[PDB]
>>> print(open('query_31.cif').read())   # mmCIF, C-alpha atoms; chains and numbers go by the auth columns
data_entry
loop_
_atom_site.group_PDB
_atom_site.id
_atom_site.type_symbol
_atom_site.label_atom_id
_atom_site.label_comp_id
_atom_site.label_asym_id
_atom_site.label_seq_id
_atom_site.Cartn_x
_atom_site.Cartn_y
_atom_site.Cartn_z
_atom_site.B_iso_or_equiv
_atom_site.auth_seq_id
_atom_site.auth_asym_id
ATOM 1 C CA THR A 1 -38.428 -59.806 -2.099 0.00 398 A
ATOM 2 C CA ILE A 2 -36.293 -62.295 -0.167 0.00 399 A
ATOM 3 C CA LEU A 3 -37.737 -65.234 -2.137 0.00 400 A
ATOM 4 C CA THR A 4 -36.719 -63.864 -5.548 0.00 401 A
ATOM 5 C CA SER A 5 -33.428 -62.268 -4.458 0.00 402 A
ATOM 6 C CA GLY A 6 -30.483 -62.832 -6.790 0.00 403 A
ATOM 7 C CA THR A 7 -32.572 -63.887 -9.807 0.00 404 A
ATOM 8 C CA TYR A 8 -31.738 -60.728 -11.799 0.00 405 A
ATOM 9 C CA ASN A 9 -29.563 -60.895 -14.925 0.00 406 A
ATOM 10 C CA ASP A 10 -25.951 -61.454 -13.809 0.00 407 A
ATOM 11 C CA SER A 11 -24.752 -59.486 -16.850 0.00 408 A
ATOM 12 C CA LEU A 12 -25.899 -56.364 -14.984 0.00 409 A
ATOM 13 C CA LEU A 13 -23.253 -56.964 -12.315 0.00 410 A
ATOM 14 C CA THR A 14 -20.507 -55.783 -14.665 0.00 411 A
ATOM 15 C CA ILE A 15 -20.205 -52.834 -17.004 0.00 412 A
ATOM 16 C CA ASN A 16 -17.599 -52.211 -19.661 0.00 413 A
ATOM 17 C CA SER A 17 -16.719 -49.086 -21.619 0.00 414 A
ATOM 18 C CA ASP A 18 -16.635 -51.063 -24.873 0.00 415 A
ATOM 19 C CA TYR A 19 -20.445 -51.170 -24.915 0.00 416 A
ATOM 20 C CA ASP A 20 -21.809 -49.367 -21.863 0.00 417 A
ATOM 21 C CA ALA A 21 -22.424 -45.639 -21.370 0.00 418 A
ATOM 22 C CA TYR A 22 -19.120 -44.001 -20.413 0.00 419 A
ATOM 23 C CA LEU A 23 -17.766 -40.476 -20.678 0.00 420 A
ATOM 24 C CA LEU A 24 -13.962 -40.056 -20.730 0.00 421 A
ATOM 25 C CA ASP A 25 -13.573 -43.350 -18.867 0.00 422 A
ATOM 26 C CA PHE A 26 -16.164 -42.328 -16.260 0.00 423 A
ATOM 27 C CA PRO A 27 -19.189 -44.649 -16.116 0.00 424 A
ATOM 28 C CA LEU A 28 -22.395 -42.670 -16.672 0.00 425 A
ATOM 29 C CA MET A 29 -25.458 -43.110 -14.496 0.00 426 A
ATOM 30 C CA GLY A 30 -28.799 -41.619 -15.452 0.00 427 A
ATOM 31 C CA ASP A 31 -32.165 -41.969 -17.126 0.00 428 A
ATOM 32 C CA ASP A 32 -33.254 -41.556 -20.773 0.00 429 A
ATOM 33 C CA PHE A 33 -31.594 -38.139 -21.061 0.00 430 A
ATOM 34 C CA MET A 34 -28.047 -39.390 -20.339 0.00 431 A
ATOM 35 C CA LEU A 35 -28.849 -42.636 -22.166 0.00 432 A
ATOM 36 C CA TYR A 36 -29.720 -40.684 -25.310 0.00 433 A
ATOM 37 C CA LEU A 37 -26.692 -38.395 -24.982 0.00 434 A
ATOM 38 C CA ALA A 38 -24.497 -41.481 -24.683 0.00 435 A
ATOM 39 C CA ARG A 39 -26.147 -43.171 -27.662 0.00 436 A
ATOM 40 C CA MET A 40 -25.774 -40.165 -29.967 0.00 437 A
ATOM 41 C CA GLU A 41 -22.436 -38.761 -28.783 0.00 438 A
ATOM 42 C CA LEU A 42 -20.559 -41.542 -26.983 0.00 439 A
ATOM 43 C CA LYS A 43 -21.161 -44.678 -29.097 0.00 440 A
ATOM 44 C CA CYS A 44 -22.904 -46.680 -26.379 0.00 441 A
ATOM 45 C CA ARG A 45 -24.861 -49.852 -27.121 0.00 442 A
ATOM 46 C CA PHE A 46 -28.091 -51.019 -25.500 0.00 443 A
ATOM 47 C CA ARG A 47 -28.253 -54.210 -23.420 0.00 444 A
ATOM 48 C CA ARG A 48 -29.740 -56.980 -25.597 0.00 445 A
ATOM 49 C CA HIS A 49 -31.640 -58.904 -22.919 0.00 446 A
ATOM 50 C CA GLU A 50 -33.533 -56.145 -21.087 0.00 447 A
ATOM 51 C CA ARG A 51 -36.910 -54.904 -22.291 0.00 448 A
ATOM 52 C CA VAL A 52 -36.316 -51.512 -20.696 0.00 449 A
ATOM 53 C CA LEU A 53 -33.664 -49.616 -22.679 0.00 450 A
ATOM 54 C CA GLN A 54 -30.333 -49.278 -20.891 0.00 451 A
ATOM 55 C CA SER A 55 -26.570 -49.093 -21.308 0.00 452 A
ATOM 56 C CA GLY A 56 -24.446 -49.597 -18.226 0.00 453 A
ATOM 57 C CA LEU A 57 -25.836 -47.520 -15.360 0.00 454 A
ATOM 58 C CA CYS A 58 -27.972 -45.416 -17.707 0.00 455 A
ATOM 59 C CA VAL A 59 -31.486 -46.863 -17.559 0.00 456 A
ATOM 60 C CA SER A 60 -34.786 -45.635 -19.002 0.00 457 A
ATOM 61 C CA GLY A 61 -37.076 -44.634 -16.134 0.00 458 A
ATOM 62 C CA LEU A 62 -34.307 -44.762 -13.524 0.00 459 A
ATOM 63 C CA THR A 63 -35.420 -42.984 -10.373 0.00 460 A
ATOM 64 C CA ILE A 64 -33.185 -42.095 -7.440 0.00 461 A
ATOM 65 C CA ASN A 65 -34.333 -45.291 -5.706 0.00 462 A
ATOM 66 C CA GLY A 66 -33.854 -47.198 -8.958 0.00 463 A
ATOM 67 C CA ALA A 67 -30.293 -45.900 -8.974 0.00 464 A
ATOM 68 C CA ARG A 68 -29.875 -46.955 -5.342 0.00 465 A
ATOM 69 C CA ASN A 69 -31.019 -50.464 -6.296 0.00 466 A
ATOM 70 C CA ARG A 70 -28.990 -50.588 -9.508 0.00 467 A
ATOM 71 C CA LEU A 71 -25.714 -49.881 -7.665 0.00 468 A
ATOM 72 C CA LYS A 72 -26.341 -52.804 -5.323 0.00 469 A
ATOM 73 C CA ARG A 73 -26.532 -54.920 -8.492 0.00 470 A
ATOM 74 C CA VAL A 74 -23.212 -53.713 -9.891 0.00 471 A
ATOM 75 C CA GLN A 75 -19.585 -54.403 -8.957 0.00 472 A
ATOM 76 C CA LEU A 76 -16.969 -51.719 -9.567 0.00 473 A
ATOM 77 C CA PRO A 77 -13.458 -51.180 -8.160 0.00 474 A
ATOM 78 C CA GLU A 78 -13.306 -49.047 -4.990 0.00 475 A
ATOM 79 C CA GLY A 79 -12.813 -45.350 -5.716 0.00 476 A
ATOM 80 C CA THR A 80 -14.578 -45.607 -9.084 0.00 477 A
ATOM 81 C CA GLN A 81 -15.986 -42.202 -9.970 0.00 478 A
ATOM 82 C CA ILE A 82 -19.405 -42.082 -11.615 0.00 479 A
ATOM 83 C CA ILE A 83 -20.999 -39.160 -13.413 0.00 480 A
ATOM 84 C CA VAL A 84 -24.593 -38.993 -12.219 0.00 481 A
ATOM 85 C CA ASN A 85 -27.676 -37.336 -13.666 0.00 482 A
ATOM 86 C CA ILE A 86 -30.649 -38.517 -11.683 0.00 483 A
ATOM 87 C CA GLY A 87 -33.984 -37.138 -10.523 0.00 484 A
ATOM 88 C CA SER A 88 -35.828 -36.147 -13.706 0.00 485 A
ATOM 89 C CA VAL A 89 -37.917 -39.316 -13.574 0.00 486 A
ATOM 90 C CA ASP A 90 -38.843 -38.653 -9.935 0.00 487 A
ATOM 91 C CA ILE A 91 -39.963 -35.144 -10.857 0.00 488 A
ATOM 92 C CA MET A 92 -41.876 -36.270 -13.959 0.00 489 A
ATOM 93 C CA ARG A 93 -43.660 -38.931 -11.896 0.00 490 A
ATOM 94 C CA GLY A 94 -44.708 -36.150 -9.543 0.00 491 A
ATOM 95 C CA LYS A 95 -42.958 -37.472 -6.438 0.00 492 A
ATOM 96 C CA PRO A 96 -43.004 -35.027 -3.497 0.00 493 A
ATOM 97 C CA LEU A 97 -39.870 -32.855 -3.386 0.00 494 A
ATOM 98 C CA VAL A 98 -39.158 -33.774 0.238 0.00 495 A
ATOM 99 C CA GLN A 99 -39.144 -37.442 -0.740 0.00 496 A
ATOM 100 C CA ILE A 100 -36.899 -36.742 -3.713 0.00 497 A
ATOM 101 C CA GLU A 101 -34.364 -35.016 -1.457 0.00 498 A
ATOM 102 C CA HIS A 102 -34.684 -37.792 1.148 0.00 499 A
ATOM 103 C CA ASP A 103 -33.934 -40.452 -1.495 0.00 500 A
ATOM 104 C CA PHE A 104 -31.047 -38.466 -2.998 0.00 501 A
ATOM 105 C CA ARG A 105 -29.477 -38.006 0.432 0.00 502 A
ATOM 106 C CA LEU A 106 -29.646 -41.793 0.838 0.00 503 A
ATOM 107 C CA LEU A 107 -28.124 -42.410 -2.617 0.00 504 A
ATOM 108 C CA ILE A 108 -25.142 -40.189 -1.760 0.00 505 A
ATOM 109 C CA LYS A 109 -24.699 -41.926 1.610 0.00 506 A
ATOM 110 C CA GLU A 110 -24.986 -45.378 0.054 0.00 507 A
ATOM 111 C CA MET A 111 -22.434 -44.571 -2.664 0.00 508 A
ATOM 112 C CA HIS A 112 -20.083 -43.491 0.108 0.00 509 A
ATOM 113 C CA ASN A 113 -20.632 -46.841 1.857 0.00 510 A
ATOM 114 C CA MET A 114 -19.802 -48.573 -1.416 0.00 511 A
ATOM 115 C CA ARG A 115 -16.699 -46.426 -1.907 0.00 512 A
ATOM 116 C CA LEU A 116 -18.140 -45.003 -5.132 0.00 513 A
ATOM 117 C CA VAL A 117 -17.484 -41.335 -5.843 0.00 514 A
ATOM 118 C CA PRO A 118 -20.385 -39.406 -7.363 0.00 515 A
ATOM 119 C CA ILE A 119 -19.658 -36.585 -9.770 0.00 516 A
ATOM 120 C CA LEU A 120 -23.017 -34.815 -9.821 0.00 517 A
ATOM 121 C CA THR A 121 -24.740 -32.991 -12.651 0.00 518 A
ATOM 122 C CA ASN A 122 -27.880 -31.033 -11.818 0.00 519 A
ATOM 123 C CA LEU A 123 -31.098 -31.466 -13.815 0.00 520 A
ATOM 124 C CA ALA A 124 -31.595 -29.956 -17.276 0.00 521 A
ATOM 125 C CA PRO A 125 -34.894 -28.123 -17.662 0.00 522 A
ATOM 126 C CA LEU A 126 -37.710 -30.338 -18.981 0.00 523 A
ATOM 127 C CA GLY A 127 -38.507 -28.610 -22.275 0.00 524 A
ATOM 128 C CA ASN A 128 -42.068 -29.849 -22.708 0.00 525 A
ATOM 129 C CA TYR A 129 -43.051 -28.960 -19.114 0.00 526 A
ATOM 130 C CA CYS A 130 -42.287 -25.228 -19.269 0.00 527 A
ATOM 131 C CA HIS A 131 -45.903 -24.230 -18.598 0.00 528 A
ATOM 132 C CA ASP A 132 -45.931 -26.280 -15.389 0.00 529 A
ATOM 133 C CA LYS A 133 -44.580 -23.726 -12.908 0.00 530 A
ATOM 134 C CA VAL A 134 -44.831 -26.183 -10.022 0.00 531 A
ATOM 135 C CA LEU A 135 -42.647 -28.744 -11.767 0.00 532 A
ATOM 136 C CA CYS A 136 -40.238 -25.983 -12.811 0.00 533 A
ATOM 137 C CA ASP A 137 -40.080 -24.821 -9.211 0.00 534 A
ATOM 138 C CA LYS A 138 -39.275 -28.402 -8.154 0.00 535 A
ATOM 139 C CA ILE A 139 -36.376 -28.532 -10.601 0.00 536 A
ATOM 140 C CA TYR A 140 -35.110 -25.214 -9.254 0.00 537 A
ATOM 141 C CA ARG A 141 -35.309 -26.347 -5.607 0.00 538 A
ATOM 142 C CA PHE A 142 -33.897 -29.802 -6.290 0.00 539 A
ATOM 143 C CA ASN A 143 -30.951 -28.292 -8.170 0.00 540 A
ATOM 144 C CA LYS A 144 -30.343 -25.928 -5.230 0.00 541 A
ATOM 145 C CA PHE A 145 -30.523 -28.920 -2.908 0.00 542 A
ATOM 146 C CA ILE A 146 -27.914 -30.788 -4.966 0.00 543 A
ATOM 147 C CA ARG A 147 -25.553 -27.835 -4.761 0.00 544 A
ATOM 148 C CA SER A 148 -25.845 -27.613 -0.960 0.00 545 A
ATOM 149 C CA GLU A 149 -26.163 -31.303 -0.042 0.00 546 A
ATOM 150 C CA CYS A 150 -23.184 -32.165 -2.249 0.00 547 A
ATOM 151 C CA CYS A 151 -20.988 -29.268 -1.199 0.00 548 A
ATOM 152 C CA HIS A 152 -18.023 -31.638 -0.748 0.00 549 A
ATOM 153 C CA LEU A 153 -18.480 -33.253 -4.158 0.00 550 A
ATOM 154 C CA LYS A 154 -18.046 -32.043 -7.728 0.00 551 A
ATOM 155 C CA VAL A 155 -21.311 -30.511 -8.893 0.00 552 A
ATOM 156 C CA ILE A 156 -21.776 -29.670 -12.559 0.00 553 A
ATOM 157 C CA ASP A 157 -24.406 -27.129 -13.535 0.00 554 A
ATOM 158 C CA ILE A 158 -25.836 -28.328 -16.866 0.00 555 A
ATOM 159 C CA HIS A 159 -29.154 -26.569 -16.289 0.00 556 A
ATOM 160 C CA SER A 160 -27.698 -23.150 -17.130 0.00 557 A
ATOM 161 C CA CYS A 161 -26.576 -23.920 -20.679 0.00 558 A
ATOM 162 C CA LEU A 162 -30.182 -24.742 -21.668 0.00 559 A
ATOM 163 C CA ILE A 163 -31.656 -21.445 -20.419 0.00 560 A
ATOM 164 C CA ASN A 164 -31.300 -18.093 -22.231 0.00 561 A
ATOM 165 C CA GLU A 165 -30.251 -14.716 -20.801 0.00 562 A
ATOM 166 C CA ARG A 166 -33.948 -13.901 -20.371 0.00 563 A
ATOM 167 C CA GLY A 167 -34.328 -17.022 -18.222 0.00 564 A
ATOM 168 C CA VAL A 168 -36.358 -18.897 -20.848 0.00 565 A
ATOM 169 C CA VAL A 169 -35.614 -22.465 -21.945 0.00 566 A
ATOM 170 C CA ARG A 170 -33.622 -22.597 -25.180 0.00 567 A
ATOM 171 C CA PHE A 171 -36.133 -24.405 -27.382 0.00 568 A
ATOM 172 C CA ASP A 172 -33.573 -24.449 -30.192 0.00 569 A
ATOM 173 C CA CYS A 173 -31.633 -26.954 -28.056 0.00 570 A
ATOM 174 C CA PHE A 174 -34.568 -29.360 -27.879 0.00 571 A
ATOM 175 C CA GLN A 175 -36.280 -31.551 -30.478 0.00 572 A
ATOM 176 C CA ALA A 176 -39.649 -30.448 -31.881 0.00 573 A
ATOM 177 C CA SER A 177 -41.801 -33.363 -30.671 0.00 574 A
ATOM 178 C CA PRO A 178 -41.943 -35.514 -27.524 0.00 575 A
ATOM 179 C CA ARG A 179 -41.106 -39.219 -27.565 0.00 576 A
ATOM 180 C CA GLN A 180 -42.345 -42.344 -25.846 0.00 577 A
ATOM 181 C CA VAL A 181 -39.726 -44.139 -23.739 0.00 578 A
ATOM 182 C CA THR A 182 -39.624 -47.732 -22.430 0.00 579 A
ATOM 183 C CA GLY A 183 -39.221 -47.127 -18.704 0.00 580 A
ATOM 184 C CA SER A 184 -41.925 -44.538 -18.011 0.00 581 A
ATOM 185 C CA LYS A 185 -45.241 -43.290 -19.393 0.00 582 A
ATOM 186 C CA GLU A 186 -44.468 -39.558 -19.373 0.00 583 A
ATOM 187 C CA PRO A 187 -43.481 -37.857 -22.669 0.00 584 A
ATOM 188 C CA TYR A 188 -39.824 -36.872 -23.081 0.00 585 A
ATOM 189 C CA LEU A 189 -38.543 -33.895 -25.037 0.00 586 A
ATOM 190 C CA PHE A 190 -34.988 -34.837 -25.921 0.00 587 A
ATOM 191 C CA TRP A 191 -32.056 -32.491 -26.400 0.00 588 A
ATOM 192 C CA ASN A 192 -31.319 -32.012 -30.099 0.00 589 A
ATOM 193 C CA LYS A 193 -27.846 -32.029 -31.633 0.00 590 A
ATOM 194 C CA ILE A 194 -27.150 -28.514 -30.335 0.00 591 A
ATOM 195 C CA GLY A 195 -28.530 -29.354 -26.888 0.00 592 A
ATOM 196 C CA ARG A 196 -26.446 -32.515 -26.645 0.00 593 A
ATOM 197 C CA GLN A 197 -23.267 -30.718 -27.681 0.00 594 A
ATOM 198 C CA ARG A 198 -23.828 -27.912 -25.169 0.00 595 A
ATOM 199 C CA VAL A 199 -24.458 -30.310 -22.285 0.00 596 A
ATOM 200 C CA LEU A 200 -21.554 -32.567 -23.233 0.00 597 A
ATOM 201 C CA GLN A 201 -19.275 -29.511 -23.396 0.00 598 A
ATOM 202 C CA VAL A 202 -20.285 -28.270 -19.963 0.00 599 A
ATOM 203 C CA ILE A 203 -19.589 -31.687 -18.486 0.00 600 A
ATOM 204 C CA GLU A 204 -16.228 -32.189 -20.188 0.00 601 A
ATOM 205 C CA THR A 205 -14.841 -28.706 -19.525 0.00 602 A
ATOM 206 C CA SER A 206 -15.853 -29.023 -15.849 0.00 603 A
ATOM 207 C CA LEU A 207 -13.685 -32.134 -15.539 0.00 604 A
ATOM 208 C CA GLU A 208 -10.738 -31.239 -17.737 0.00 605 A
ATOM 209 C CA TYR A 209 -8.241 -30.489 -14.990 0.00 606 A
#
>>> encode(input="query_31.cif", output="structure tokens")
Amino acid sequence: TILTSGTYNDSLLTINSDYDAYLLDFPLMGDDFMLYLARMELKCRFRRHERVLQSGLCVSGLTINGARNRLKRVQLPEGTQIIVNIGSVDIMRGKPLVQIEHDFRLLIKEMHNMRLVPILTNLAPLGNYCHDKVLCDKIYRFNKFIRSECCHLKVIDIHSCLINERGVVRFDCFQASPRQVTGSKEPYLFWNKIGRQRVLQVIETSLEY
């Protein structure tokens, strides 16, 4: 609220590639999925003073609105390009698709206002939610929305590398059991070593030149 404004941890105002989640000098923004990828593959460290796990702009339980709020609480040079993977939490929390798209449209617009350039990744499939056709349909439609809404921006399809030729999720790219996370109550099925490598490869090769 107005009363409590500005009482957040001032250490959140700045990020630094020495400790925070970065990929090839691009700050990373996302939820537990990107956070975990950064922890395993990119040597990131968690912030000591926050009870919710986070590293830079990667925050456990980060929704699209969370991301919108987080960026207001960060200060980066104009023209800074940020690799974004956001929306899985919104879908897991069962937010209405129309609201998800509404929020995402506002995030993009707000980043423009802040002179921050999003490099978008679409959403990986949620491995433990395969039997939920509604949720899977939401991922499909949201990913299609990203591709159209962000037609002027770089959009990286990471969803495809985790699906087989038959259209089934590659379970050999995911861990065997779900995990509890700090920022949300829903169970997460994390990408295993093979999953992480595949996703990381897609991202890197899409930005090489």
>>> closest_residue(input="query_31.cif", among="A:533, A:521, A:591, A:481", to="residue 508 (chain A)", atoms="all atoms listed in the file")
A:481
>>> resolve_selection(input="query_31.cif", expression="the PyMOL selection byres ((chain A and resi 515) around 12)", output="PDB file with C-alpha atoms, keeping the file's coordinate frame")
ATOM      1  CA  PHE A 423     -16.164 -42.328 -16.260  1.00  0.00           C
ATOM      2  CA  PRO A 424     -19.189 -44.649 -16.116  1.00  0.00           C
ATOM      3  CA  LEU A 425     -22.395 -42.670 -16.672  1.00  0.00           C
ATOM      4  CA  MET A 426     -25.458 -43.110 -14.496  1.00  0.00           C
ATOM      5  CA  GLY A 427     -28.799 -41.619 -15.452  1.00  0.00           C
ATOM      6  CA  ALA A 464     -30.293 -45.900  -8.974  1.00  0.00           C
ATOM      7  CA  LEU A 468     -25.714 -49.881  -7.665  1.00  0.00           C
ATOM      8  CA  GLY A 476     -12.813 -45.350  -5.716  1.00  0.00           C
ATOM      9  CA  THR A 477     -14.578 -45.607  -9.084  1.00  0.00           C
ATOM     10  CA  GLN A 478     -15.986 -42.202  -9.970  1.00  0.00           C
ATOM     11  CA  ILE A 479     -19.405 -42.082 -11.615  1.00  0.00           C
ATOM     12  CA  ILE A 480     -20.999 -39.160 -13.413  1.00  0.00           C
ATOM     13  CA  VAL A 481     -24.593 -38.993 -12.219  1.00  0.00           C
ATOM     14  CA  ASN A 482     -27.676 -37.336 -13.666  1.00  0.00           C
ATOM     15  CA  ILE A 483     -30.649 -38.517 -11.683  1.00  0.00           C
ATOM     16  CA  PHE A 501     -31.047 -38.466  -2.998  1.00  0.00           C
ATOM     17  CA  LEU A 504     -28.124 -42.410  -2.617  1.00  0.00           C
ATOM     18  CA  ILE A 505     -25.142 -40.189  -1.760  1.00  0.00           C
ATOM     19  CA  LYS A 506     -24.699 -41.926   1.610  1.00  0.00           C
ATOM     20  CA  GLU A 507     -24.986 -45.378   0.054  1.00  0.00           C
ATOM     21  CA  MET A 508     -22.434 -44.571  -2.664  1.00  0.00           C
ATOM     22  CA  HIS A 509     -20.083 -43.491   0.108  1.00  0.00           C
ATOM     23  CA  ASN A 510     -20.632 -46.841   1.857  1.00  0.00           C
ATOM     24  CA  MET A 511     -19.802 -48.573  -1.416  1.00  0.00           C
ATOM     25  CA  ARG A 512     -16.699 -46.426  -1.907  1.00  0.00           C
ATOM     26  CA  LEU A 513     -18.140 -45.003  -5.132  1.00  0.00           C
ATOM     27  CA  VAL A 514     -17.484 -41.335  -5.843  1.00  0.00           C
ATOM     28  CA  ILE A 516     -19.658 -36.585  -9.770  1.00  0.00           C
ATOM     29  CA  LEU A 517     -23.017 -34.815  -9.821  1.00  0.00           C
ATOM     30  CA  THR A 518     -24.740 -32.991 -12.651  1.00  0.00           C
ATOM     31  CA  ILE A 543     -27.914 -30.788  -4.966  1.00  0.00           C
ATOM     32  CA  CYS A 547     -23.184 -32.165  -2.249  1.00  0.00           C
ATOM     33  CA  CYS A 548     -20.988 -29.268  -1.199  1.00  0.00           C
ATOM     34  CA  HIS A 549     -18.023 -31.638  -0.748  1.00  0.00           C
ATOM     35  CA  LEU A 550     -18.480 -33.253  -4.158  1.00  0.00           C
ATOM     36  CA  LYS A 551     -18.046 -32.043  -7.728  1.00  0.00           C
ATOM     37  CA  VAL A 552     -21.311 -30.511  -8.893  1.00  0.00           C
ATOM     38  CA  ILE A 553     -21.776 -29.670 -12.559  1.00  0.00           C
TER      39      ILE A 553
END
>>> residues_near_point(input="query_31.cif", point="(-38.0, -36.8, -1.4)", cutoff="12 Å", atoms="only C-alpha atoms", output="list in words")
residues 460, 461, 462, 484, 487, 488, 491, 492, 493, 494, 495, 496, 497, 498, 499, 500, 501, 502, 503, 504, 535, 538, 539 and 542 of chain A
>>> write_last_selection(input="query_31.cif", atoms="C-alpha atoms", output="PDB file, in the frame of the given file")
ATOM      1  CA  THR A 460     -35.420 -42.984 -10.373  1.00  0.00           C
ATOM      2  CA  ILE A 461     -33.185 -42.095  -7.440  1.00  0.00           C
ATOM      3  CA  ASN A 462     -34.333 -45.291  -5.706  1.00  0.00           C
ATOM      4  CA  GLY A 484     -33.984 -37.138 -10.523  1.00  0.00           C
ATOM      5  CA  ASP A 487     -38.843 -38.653  -9.935  1.00  0.00           C
ATOM      6  CA  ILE A 488     -39.963 -35.144 -10.857  1.00  0.00           C
ATOM      7  CA  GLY A 491     -44.708 -36.150  -9.543  1.00  0.00           C
ATOM      8  CA  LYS A 492     -42.958 -37.472  -6.438  1.00  0.00           C
ATOM      9  CA  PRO A 493     -43.004 -35.027  -3.497  1.00  0.00           C
ATOM     10  CA  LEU A 494     -39.870 -32.855  -3.386  1.00  0.00           C
ATOM     11  CA  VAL A 495     -39.158 -33.774   0.238  1.00  0.00           C
ATOM     12  CA  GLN A 496     -39.144 -37.442  -0.740  1.00  0.00           C
ATOM     13  CA  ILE A 497     -36.899 -36.742  -3.713  1.00  0.00           C
ATOM     14  CA  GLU A 498     -34.364 -35.016  -1.457  1.00  0.00           C
ATOM     15  CA  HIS A 499     -34.684 -37.792   1.148  1.00  0.00           C
ATOM     16  CA  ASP A 500     -33.934 -40.452  -1.495  1.00  0.00           C
ATOM     17  CA  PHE A 501     -31.047 -38.466  -2.998  1.00  0.00           C
ATOM     18  CA  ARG A 502     -29.477 -38.006   0.432  1.00  0.00           C
ATOM     19  CA  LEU A 503     -29.646 -41.793   0.838  1.00  0.00           C
ATOM     20  CA  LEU A 504     -28.124 -42.410  -2.617  1.00  0.00           C
ATOM     21  CA  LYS A 535     -39.275 -28.402  -8.154  1.00  0.00           C
ATOM     22  CA  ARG A 538     -35.309 -26.347  -5.607  1.00  0.00           C
ATOM     23  CA  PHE A 539     -33.897 -29.802  -6.290  1.00  0.00           C
ATOM     24  CA  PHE A 542     -30.523 -28.920  -2.908  1.00  0.00           C
TER      25      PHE A 542
END
>>> residues_around(input="query_31.cif", residues="region 446-448 of chain A", least_positions_apart="6", cutoff="10 Å", atoms="only C-alpha atoms", output="list in words")
residues 406, 408, 409, 579 and 580 of chain A
>>> resolve_selection(input="query_31.cif", expression="the PyMOL selection byres ((chain A and resi 576) around 8)", output="PyMOL selection string")
chain A and resi 574-575+577-578+584-587
>>> build_atoms(input="query_31.cif", residues="region 452-468 of chain A", atoms="N, CA and C atoms", output="short mmCIF file (atom, residue, chain, number, x, y, z; two decimals), in the coordinates of the input")
data_model
loop_
_atom_site.label_atom_id
_atom_site.label_comp_id
_atom_site.auth_asym_id
_atom_site.auth_seq_id
_atom_site.Cartn_x
_atom_site.Cartn_y
_atom_site.Cartn_z
N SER A 452 -27.96 -48.91 -20.92
CA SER A 452 -26.57 -49.09 -21.31
C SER A 452 -25.77 -48.76 -20.07
N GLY A 453 -25.11 -49.77 -19.50
CA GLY A 453 -24.45 -49.60 -18.23
C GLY A 453 -25.40 -49.15 -17.13
N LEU A 454 -25.05 -48.05 -16.46
CA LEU A 454 -25.84 -47.52 -15.36
C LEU A 454 -26.84 -46.47 -15.82
N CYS A 455 -26.92 -46.25 -17.13
CA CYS A 455 -27.97 -45.42 -17.71
C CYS A 455 -29.17 -46.29 -18.05
N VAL A 456 -30.31 -46.01 -17.43
CA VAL A 456 -31.49 -46.86 -17.56
C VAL A 456 -32.73 -46.01 -17.76
N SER A 457 -33.53 -46.34 -18.77
CA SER A 457 -34.79 -45.64 -19.00
C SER A 457 -35.68 -45.76 -17.77
N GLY A 458 -36.18 -44.63 -17.28
CA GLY A 458 -37.08 -44.63 -16.13
C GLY A 458 -36.38 -44.78 -14.79
N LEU A 459 -35.06 -44.64 -14.77
CA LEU A 459 -34.31 -44.76 -13.52
C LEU A 459 -34.62 -43.62 -12.56
N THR A 460 -35.19 -43.96 -11.42
CA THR A 460 -35.42 -42.98 -10.37
C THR A 460 -34.22 -43.00 -9.43
N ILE A 461 -34.24 -42.10 -8.45
CA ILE A 461 -33.18 -42.10 -7.44
C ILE A 461 -33.13 -43.44 -6.71
N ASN A 462 -34.29 -43.97 -6.33
CA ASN A 462 -34.33 -45.29 -5.71
C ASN A 462 -33.91 -46.40 -6.66
N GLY A 463 -34.29 -46.27 -7.93
CA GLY A 463 -33.85 -47.20 -8.96
C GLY A 463 -32.34 -47.22 -9.02
N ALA A 464 -31.74 -46.04 -9.00
CA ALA A 464 -30.29 -45.90 -8.97
C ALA A 464 -29.70 -46.56 -7.73
N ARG A 465 -30.33 -46.33 -6.58
CA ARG A 465 -29.88 -46.96 -5.34
C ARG A 465 -29.88 -48.48 -5.47
N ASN A 466 -30.93 -49.02 -6.09
CA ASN A 466 -31.02 -50.46 -6.30
C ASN A 466 -30.04 -50.97 -7.34
N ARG A 467 -29.90 -50.21 -8.43
CA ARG A 467 -28.99 -50.59 -9.51
C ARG A 467 -27.55 -50.76 -9.01
N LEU A 468 -27.09 -49.84 -8.17
CA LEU A 468 -25.71 -49.88 -7.66
C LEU A 468 -25.43 -51.08 -6.76
#
